[PDB]
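Chains A and C, in that order, are what the protein sequence lines are. Per the UniProt record's numbering, the very first residue in the first sequence carries number 432; after that it's consecutive. Per the UniProt record's numbering, the very first residue in the second sequence carries number 1; after that it's consecutive. All residues carry an ideal CB built from backbone N, CA and C; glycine is no exception.
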Amino acid sequence: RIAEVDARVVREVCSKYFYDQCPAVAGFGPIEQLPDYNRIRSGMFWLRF
Amino acid sequence: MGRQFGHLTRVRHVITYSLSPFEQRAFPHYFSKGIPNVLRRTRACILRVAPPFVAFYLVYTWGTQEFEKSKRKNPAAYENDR
């Protein structure tokens, strides 16, 4: 199964679970700098258009 | 400009929860609680907002009424007669 993974599979698999999906964020400590969720959510995609 | 997130203040022992904007309705209970809210908000300010402007209308309804009365002629034709 490992030998059957290539760039195309990784690009397709990652874009199915990572790209444009709502993430769950957990913080602890001095997290004032931690960006707002909308800033975090909008980081899932590029070119912003 | 010498001020950004990280050094704004010291916040301790406060936990916040939030939802993804896609997992919640944008207009939740709009008229269910928003309309009863606006009635609450208006009452809290109608005793400090309305009376100052109610007086202005009273000035309007009297300052304009007297102005037309001035332009209206008055029956002062006596002492001349025929």
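Exercise for review: Compute the Euclidean distance between the alpha carbons of A/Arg472 and C/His7, then round it to the nearest angstrom.
Suggested key: Translated into positions along the first sequence, residue 472 of chain A becomes position 41. Translated into positions along the second sequence, residue 7 of chain C becomes position 7. Cα to Cα, the separation comes out at about 24 Å.
Check your understanding: So which residues on chain A does C/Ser20 lean against when the C-beta distance must stay under 8 Å?
Key -> Sequence index remark: in the second sequence, residue 20 of chain C carries index 20 (1-based). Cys453, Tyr468, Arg472, listed in chain order.
Point to revise | Beta-carbon separation (whole angstroms), A/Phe476 vs A/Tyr450, contact threshold 8 Å | key: Position 45 of the first sequence, counted from the start, is the residue given in the question as residue 476 of chain A. Position 19 of the first sequence, counted from the start, is the residue given in the question as residue 450 of chain A. About 6 Å; that satisfies the 8 Å criterion.
Exercise for review: Note the first and the last residue of the continuous alpha helix (DSSP H) segment covering A/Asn469.
Suggested key: Taking the first residue of the first sequence as position 1, residue 469 of chain A is located at position 38. Unbroken alpha helix (DSSP H) run through A/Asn469: 468-472.
Review point. Quick one: does C/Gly6 have its CB under 8 Å from some CB of chain A?
Key: Working through the second sequence from its first residue, we reach residue 6 of chain C at position 6. It does; some Cβ of chain A falls within 8 Å.
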